[PDB]
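Taking the form deposited in one PDB entry, here's one chain by itself in C-alpha cells.
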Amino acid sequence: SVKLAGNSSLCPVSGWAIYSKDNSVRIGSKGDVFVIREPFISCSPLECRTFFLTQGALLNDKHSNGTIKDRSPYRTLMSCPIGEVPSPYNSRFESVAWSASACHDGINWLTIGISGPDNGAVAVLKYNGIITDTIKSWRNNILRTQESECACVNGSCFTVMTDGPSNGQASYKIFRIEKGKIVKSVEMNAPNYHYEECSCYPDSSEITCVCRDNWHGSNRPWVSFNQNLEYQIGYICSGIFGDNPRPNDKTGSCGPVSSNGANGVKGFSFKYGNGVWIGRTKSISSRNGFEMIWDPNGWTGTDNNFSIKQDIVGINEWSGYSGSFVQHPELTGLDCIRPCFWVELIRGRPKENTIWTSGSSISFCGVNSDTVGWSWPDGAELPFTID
C-alpha cells in the first residue's frame, strides 16, 4: 500500500465514454433497493465505489414517504461497488450522515459524515472505519459539505465545508486532513461569493474545486489551493452558464451572474488552462437533460462560443446532481490523472406525483479515442405501487 502521488496533470480528453449505470429505481420497483440521493463515486488504487445518502428506507415501502426532506437522524452514508444497485444486501455502512464526503489516500478510506441538529451539526471523520476526528458547526446554521469525493495529494486529503445561510453570505472553510485527522484549516475570505456542494479534484499537486452558488450566481464559483491551503477564488467566466436554474446563454461574467442566480444544483467542471469542460443540465429552468461542453477559453473568457458538445441525457429526461471523480495513475497505469464524472437521475418529488424522492446514477470517463452522444435516462415508470 502506497499513498497517491497526485502530482501529475489532468489527462486532456476529447470525449466521454460511458462507465456505469445502476438502474436503481427500475430495479427497486420489486427488489430491495435503498431510497437514496446525493450519490457520488470515488476510487481507491484497487476499485471504484458508489457512495450515497440513504433515507433509512427502501423503494416502494411506506417508509419512503416524505423522502423529499434533506436532513433527518435516519440518513446514513453507505457505499457499494460501482454499477450495482444500493441494497441492504450489498452495501457497506460508512457513517450516520445527512451530508457527506469520502476519498482514498492510497492506504485507507476517509469518510466524512455530518449529522445532528441544524444549529450544532457535527462532522464525524473516519479513517479505515475508525473515528479519528470531529468538527462542529461554527456558525450554527447547517454545517454541510461536498456530497462528492474529497481530493488527495501525497497522504493529505482536502475538502470544503460551508456553514451559514443558503440564500445569502455564508462562511466557507478548506480543510487539510491526514490519516483522518484535521491538521490545518482556513476560512476563505470571499465576500459576495457563495460556495456549496463543491466538486474537487487534484491536478499537478494542487486542488481545484467547482461549486454551487445558491445565493446570486447562475455561473459556478471556484476555489483552488495548494497543500498549504494557499488559495485563489473566482467564478467561471464562460457565457455558457453552468448552474440550474440559469439564463439563456449570453455574455458571462468573472463574478456572480445575478440573473436567475438564486437556487441551483450541485455540478462540476474541469479546468484545462484557459479552457473548461462544462457539465450541465439541458434545461435552463428544471433539472432535465445533461450535456458535456468543451469551451477552449471558457474559464476566463466571457463569450458563449464553444467547440464540442456531447449529449448525455435527453432534454425531456430527468437529471439532477452531478460531480467529478478521478482515477489516479496508481489505479490506471497511465501517466496522468484521468477525469471522470457521475450524474444523479432524480425521480419522484417535487416534479412527479409520488410520495417519495430517489435517484439512480450514470457515470462516464474521459478518453481520447472515439465517443458518441446519446441519452442514458433513469427509465423507471412512475408512479409506483406505494405511489
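Quick note: we count residues from 1 along the sequence shown, nothing fancier.
Although it is not shown, the form solved in complex with a small molecule is what the next lines describe.
- Of the stretches 85 to 93, 142 to 150, 122 to 130, 308 to 316, only 142 to 150 has residues with a heavy atom within 4.5 Å of the small molecule in the entry with it bound.
- Listed residues 212, 280, 104, 246 were compared with the small molecule in the entry with it bound; 212 is the one with a heavy atom within 4.5 Å.
- This chain is drawn without the small molecule; in the entry with it bound, the residue among 113, 252, 264, 180 with a heavy atom within 4.5 Å of it is 264.
- Using a 4.5 angstroms limit between non-hydrogen atoms, residue 70 touches the small molecule in the entry with it bound.
- At the 4.5 Å threshold, heavy atoms of residue 196 reach the small molecule in the entry with it bound.
- At least one heavy atom of residue 166 is located within 4.5 Å of the small molecule in the entry with it bound.
- Within 4.5 Å of any heavy atom of the small molecule in the entry with it bound lies no heavy atom of residue 216.
- For the marked spot (21, 325 and 364), a heavy atom within 4.5 Å of the small molecule in the entry with it bound is absent from each of the three residues.
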